[PDB]
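Below you will find one chain, with nothing else, as structure tokens; this is the form deposited without the partner chain, and questions on how it binds or moves follow later.
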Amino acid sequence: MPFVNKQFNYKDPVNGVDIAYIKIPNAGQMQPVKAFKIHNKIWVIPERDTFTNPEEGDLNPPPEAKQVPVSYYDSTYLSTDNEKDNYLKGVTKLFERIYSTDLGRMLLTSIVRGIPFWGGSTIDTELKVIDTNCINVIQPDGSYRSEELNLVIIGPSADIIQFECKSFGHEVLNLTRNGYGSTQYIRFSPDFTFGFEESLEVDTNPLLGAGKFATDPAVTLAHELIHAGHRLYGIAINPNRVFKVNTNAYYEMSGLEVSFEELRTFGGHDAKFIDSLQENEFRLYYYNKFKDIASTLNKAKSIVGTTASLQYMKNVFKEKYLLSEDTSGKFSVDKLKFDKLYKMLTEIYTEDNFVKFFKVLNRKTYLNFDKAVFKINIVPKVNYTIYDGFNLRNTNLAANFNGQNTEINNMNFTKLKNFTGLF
């Protein structure tokens, strides 16, 4: 069975359930936007993201001598219904490609179960949802109803290639780092991809290569989904914790520091830059956070609202955090179970492992240099499929990653900008 049971068309009439006009909790004003619920707890908004951050509502590019090297602007991208239809279909197709692998099925299952914790109440004797982990859906009668959700895929903001995982913060709680979790908004586009070089010495050099091979967009989305997994379970590493790259002369002369959260997400050898001691520090830190959630759950006596029963919610979080329950019914965190879950989310779900499952060529490290951005169209089956990506079986593109070779499969890629030599 498919991850997305319905093949939505952007123009399909709204129904107030899985096709509806919605508003997000940006703590500001906005006109409702058309959205599609593609799976339990997951929505797609085919719009440029001018909502999550009020200071980023301008899609227009600054003057030429003001733009960052690695960036791409086009204020008109994703403004027409045809584009939105293709965006919806492209994102859906990538979710299917990801779900078709055992690793992808595992990651998506973890994401759906990762409901943001109900820790919004001010009194420890009752559990209450945090409204910023919900969206407001316009019902058939014109009224709004609050719906909890775990993930939203939305178009990029001004800089089209700056894909990232975003979420609304709390006045006092660090939701992505206190075990609670929060609704994740992933800025992403299936309509562009990036080039990389097949030789490591070239890919990690800022002056060489034009970007001969194209990254499979399913890997790019998986990368953001991995971050979402960490953030939904509240175990993301503080961005202030970074690796002062000293293994790349070019990075060094720029004094560039890369966050541990990114190295962990890529996995492979990159993850090894995080030493054992710091690794243990974080593990214990989050163990203590899961413990506090257990203590808060015990002090809870009632539930706020009538959408679900306390028994239901207390159990939903017992399954999310895989807690244990004694005779009296008190909750506790088990070391073996915590370590297993923590390891699954941080070591099993990595970019490097997804590359193995998709059988594609990909950058070998996160510590490299971008080469170029290409326009693509993965919707037509003659171009890309759920099962083979660009490397179509029984064609000349089947072997040696020929489908990702932009020189061989040139009809599937239009280079929009070169980054090499501009750093």
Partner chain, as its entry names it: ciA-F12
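Residue numbers count along the first chain shown, from 1.
Form deposited with the partner chain bound: not shown, discussed below.
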*Answer for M30 alone: is it within 4.5 Å of the partner chain in the deposited complex, judged on heavy atom distances?*
yes
*Contact of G142 with the partner chain in the deposited complex (heavy atom, 4.5 Å)*: yes
_Distance check, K415 to the partner chain in the deposited complex, heavy atom within 4.5 Å_ = no
*Quick one: does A294 come within 4.5 Å of the partner chain in the deposited complex, counting heavy atoms only?*
no
